[PDB]
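Engineer:
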Amino acid sequence: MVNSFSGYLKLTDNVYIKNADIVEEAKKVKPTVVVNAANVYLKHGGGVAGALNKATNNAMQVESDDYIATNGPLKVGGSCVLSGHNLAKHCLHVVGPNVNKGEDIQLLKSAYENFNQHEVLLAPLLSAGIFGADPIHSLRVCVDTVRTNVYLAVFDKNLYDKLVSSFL
Ligand SMILES: Nc1ncnc2c1ncn2[C@@H]1O[C@H](COP(=O)(O)OP(=O)(O)OC[C@H]2O[C@H](O)[C@H](O)[C@@H]2O)[C@@H](O)[C@H]1O
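With positions in the sequence shown counted from 1, the corresponding number in the authors' numbering is that position plus 1.
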């Protein structure tokens, strides 16, 4: 399919990037898959997760609570596919390592591997916020791991400007 993603800078054959709020991109484009930067409990408190969930009027959290009650916590580096509610067809919840709490940064590669199960994704930079991974490292792992088409939404202008003039 062809989506209405617009204004993205090309990084590689398959990776694109834009200084944008992932919630606003999802609202506008209504992609097949939006990625959430989750924790293992799917407790969507802040950052991407909290913003996505708020935009679903808490439906994402209600669904997530049932998912956890049935299946238990995700693995660090793991994922699950749930509804995208009013934002997207699906939300791929992906858990990057919480480097600030001692989790192995190498699991960020495992996290991004989940993206390869989907042809097209709108996504954030996993682990680059409250989880404490260096943002340029997360971008490099994404580029070096994801082979499917990924549209990265970077909320923070200063960060975007730095990332797009860094080597990959
Ligand atoms: N609306 C947004 N749109 C795009 N990028 C955003 C947005 N908000 C933040 N970012 C950027 O997205 C990147 C990721 O920041 P984070 O969302 O913290 O994800 P993590 O993987 O580090 O932490 C996961 C925890 O965050 C939640 O609390 C979860 O519930 C988890 O507990 C950073 O570069 C942000 O600037």
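Ideal placement from N, C-alpha and C gives every residue a C-beta, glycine not left out.
1. Which value, in whole angstroms, describes the spacing of the CA atoms of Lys28 and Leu160?
2. Determine the direct distance from the alpha carbon of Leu53 to that of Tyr42, and round the result to whole angstroms.
3. Please state the DSSP three-state secondary structure of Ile137.
4. Does the beta-carbon of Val49, which I'm using as the reference point, lie nearer than 8 Å to any heavy atom of ligand 1?
5. If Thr149 and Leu122 are in contact, beta carbons under 8 Å, what's the gap, nearest whole angstrom?
6. Report the rounded CA-to-CA distance for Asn20 versus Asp67, giving the unit in angstroms.
7. At 3 residues or longer, what runs of the beta strand (DSSP E) sit wholly inside the stretch 109 to 138?
8. Check each candidate in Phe156, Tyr152 and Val144 and name the one with the smallest Cα separation from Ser167.
9. Would you say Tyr17 and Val151 are within 9 Å of each other, going by their C-beta atoms?
10. Can you give me the Cβ contacts of residue 1 inside the same chain, cut-off strictly under 7 Å, excluding the 5 residues immediately before and after it?
11. Compare the Cα-Cα distances from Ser111 to each of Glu120, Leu75 and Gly48 and report the closest residue.
12. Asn58: which of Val36, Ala70, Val24 and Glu114 sits nearest, CA to CA?
Structural biologist: By the coordinates alone:
1. 23 Å
2. 16 Å
3. helix
4. yes
5. 7 Å
6. 33 Å
7. 121 to 124
8. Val144
9. yes
10. Here the chain covers residues 2 to 169 and nothing more, so residue 1 does not appear.
11. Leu75
12. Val24
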